[PDB]
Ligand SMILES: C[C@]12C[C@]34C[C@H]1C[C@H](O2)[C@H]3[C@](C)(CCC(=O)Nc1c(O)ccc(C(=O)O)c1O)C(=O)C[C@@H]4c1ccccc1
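Given as structure tokens, the chain that follows is alone and in the form deposited without the named molecule.
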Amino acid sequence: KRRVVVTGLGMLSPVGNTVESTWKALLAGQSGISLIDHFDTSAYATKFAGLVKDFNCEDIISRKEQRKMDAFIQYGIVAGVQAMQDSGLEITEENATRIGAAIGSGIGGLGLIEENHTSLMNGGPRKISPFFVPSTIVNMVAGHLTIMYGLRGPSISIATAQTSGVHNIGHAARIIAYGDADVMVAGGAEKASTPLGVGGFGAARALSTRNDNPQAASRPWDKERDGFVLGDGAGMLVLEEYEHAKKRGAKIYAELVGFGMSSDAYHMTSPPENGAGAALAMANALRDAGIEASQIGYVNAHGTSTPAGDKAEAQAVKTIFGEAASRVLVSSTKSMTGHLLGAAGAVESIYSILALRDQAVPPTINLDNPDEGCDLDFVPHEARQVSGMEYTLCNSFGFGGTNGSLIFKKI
């Protein structure tokens, strides 16, 4: 029976370019949301997002190699290098074959897709970059990292839209526990803050339009919610078989004990009013961990700040927690970070882990006026100190009614 533990963390987010700086900001209730300036937003109904500030990879990726990669790829490689470094793992010829990667993205290289399509329209196929395909496709973060570190074990990339980060981490663990690997770098990367990303989610009327106050836009469970806020970033974890970790004297952040998946089988983009899908995913993770809902102390919600989605997740929590629905802490970091899509469940898994290390639960900021029949504790406004918390649960749901839940356990 193989246990999986988290021994390395990496991260780029709208509130910090490292794991510790990101975490510190979240516990301080800071927003990472700001107005966009990298493209003309005049015609856009949403003119803001959660951006990665002063991103720099010069020391990690040559400007010459940068040409071959979309921003989402560069982000994911940087967060991957941070995680590899943090793990302290040494890759040997004897090792290579047993270390892999499970890293994806929801939308991939929109920026380079646009640039390449603009070239084609303006001057024909001759103007398309020879790097078009491999610079934009979702699996290239795992591609580049395995090459950089000489990793030869299994590499997959799960692209389940807004559920990717969770799915990738969950399967990286299945792979280790199955015996196909001893270590996996797992997570997601996204850089969808582009004319197509912003224009596209805006066309769907899914985005908040509160441009007069970008930092107050993201407000899960708040009566004045008006759609999600888009965020860029990457979250990576180094997952490792327990005995392997111990033997190397690895620093161990927490243990991955439960992974649950489900499908809404309802609508292509909207969640069912009763969150039955989210319920099954949480129910499946608990059964996989072999514990009861009552044992979870903190749920890092999907909580995107859409009228219908926030309401469906709340329904799902009540269904799963029932009695202890009020004693469990539930919060959406998306209130400060925005929605990182394919990277959401990856960064949120990290927050779920750090909440166990620090016994602190980040707040859901902007929750000035909660919905009515709410009996749940959404950790409004201020971070909460906790005491004997041994497990956290991370939710992610996505287009296609695809859901995932991960369960982390202290030590």
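Just count from 1 along the sequence shown to find any residue number.
This protein has a second form, the form deposited with the named molecule bound, left out of what is shown; the following refers to that one.
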State yes or no: in the deposited complex, is some non-hydrogen atom of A206 no more than 4.5 angstroms from a non-hydrogen atom of the named molecule? yes
Against the named molecule in the deposited complex, would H339 count as a contact residue? Criterion: heavy atoms within 4.5 Å. yes
Would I252 show up as a contact with the named molecule in the deposited complex if we use heavy atoms at 4.5 Å? no
Is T269 close enough to touch the named molecule in the deposited complex, meaning at least one heavy atom pair within 4.5 Å? yes
So, a 4.5 angstroms cut-off on heavy atom distances: do all three of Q162, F228 and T306 pass it with respect to the named molecule in the deposited complex? yes
Look at the stretches 150-158, 197-205, 316-324, 77-85 and give the one with heavy atoms within 4.5 Å of the named molecule in the deposited complex. 197-205
Which residues in 382-411 have a heavy atom within 4.5 Å of the named molecule in the deposited complex? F397, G398, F399
